[PDB]
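First the structure, in the form of structure tokens, and then the observations on it.
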Amino acid sequence: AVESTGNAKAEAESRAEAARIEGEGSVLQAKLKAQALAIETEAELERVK
Amino acid sequence: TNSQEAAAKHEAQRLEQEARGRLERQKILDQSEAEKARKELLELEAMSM
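Protein sequences, first through last, are from chains A and A'. A prime marks a further copy of an entry chain.
Be aware that the first sequence starts at 715, since it is given in the entry's author numbering, and climbs by one per residue.
Be aware that the second sequence starts at 666, since it is given in the entry's author numbering, and climbs by one per residue.
Written as structure tokens, this is what we have:
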């Protein structure tokens with residue numbers, strides 16, 4: 715019981731432990747993407763204006 | 666002579682029976698403590714994995 719449940723628990727815990735990292739990284743990259751779209755559409759806005 | 670031989674045969678057979686039963690119970694016991702140490706090894710293996 716302790717071996718099998720411990721194994722599956724460690725495995726799924728590793729899964730979530732990774733997923734939170736790519737999640738937060740997705741957040742920071744979402745922020746950089748937000749700035750990118752921001753300044754890009756802003757500078758482009760002068761052109762279309 | 667067949668009678669005394671039958672007596673010694675039944676006796677030695679019963680003794681070997683009781684003996685193998687003892688050694689068998691000792692086997693199950695040793696398997697039990699081996700199961701204990703194996704369980705601890707499963708714990709360390711669980712945390713390590």
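Ideal placement from N, C-alpha and C gives every residue a C-beta, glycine not left out.
Within chain A, the residues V716, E717 and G720 have their CB atoms less than 9 Å from the CB of A':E708, given in chain order. The C-alpha of A:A732 is placed about 11 Å away from the C-alpha of A:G739.
Those residues of the segment 718-744 of chain A placed with their C-beta closer than 7 Å to a C-beta in chain A' are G720, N721 and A724, ordered along the chain.
When secondary structure is reduced to three states using DSSP, A:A715 falls in the coil class, being assigned neither helix nor strand. A':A702 has a beta carbon lying at 7 Å or more from every beta carbon in chain A.
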